[PDB]
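**Q** no sequence on this one, just coordinates:
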Ligand SMILES: [Zn+2]
Ligand SMILES: [Zn+2]
């Protein structure tokens, strides 16, 4: 009865699985907001960074795409 679900790490907020999006290699969970404001900034550039998981402490540190991402934001 009642429990701190939690999920995202960039904001350690509280949200279900339908309110989040997977990375693309490590299979992590991050609310669009963060997972977005983070990449949305880089994805737009493309100069470098390769947009890596927002979890510097990720056991897989999976990277993200430049299109697939910008597609979920800058369609
Ligand atoms: Zn978040
Ligand atoms: Zn990760």
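**A** Looks like it came in fine. Residues are numbered from 1 along each chain as shown. Ligands and ions are numbered 1, 2, ... in the order given.
**Q** I figured residue 54 was touching residue 38, is that so?
**A** Yes: if you go by C-beta atoms under 8 Å, residue 54 and residue 38 touch, sitting 5.1 Å apart. Heads up, the C-betas are built off the backbone N, CA and C, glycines and all.
**Q** in what helix or strand does residue 2 lie?
**A** Per DSSP states H and E: residue 2 is located in neither a helix nor a strand.
**Q** Could I get the contacting residues of residue 29?
**A** When contacts are counted by C-beta atoms under 8 Å, 6 or more residues apart in numbering, residue 29 touches 7-8, 17, 20-22.
**Q** so which of those residues also contact ligand 2?
**A** Counting by C-beta under 5 Å from the ion, nothing from the contacts of residue 29 sits close to ligand 2.
**Q** Can you tell me which of those residues is nearest ligand 1?
**A** residue 8 (3.2 Å; C-beta to the ion).
**Q** circling back to that earlier point, make TSV out of the contacts of residue 29 and add secondary structure and neighbour count.
**A** Output for the contacts of residue 29, formatted as TSV (DSSP: H, G, I helix; E, B strand; the rest coil; neighbours: other C-beta atoms under 10 Å):
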residue	secondary structure	neighbour count
7	coil	17
8	coil	21
17	coil	10
20	strand	18
21	strand	17
22	coil	14
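**Q** Could you dump those into CSV and include distance to ligand 1?
**A** CSV is the format used below for the contacts of residue 29 (distance: C-beta to the ion, whole Å):
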residue, distance to ligand 1
7, 8
8, 3
17, 13
20, 8
21, 10
22, 13
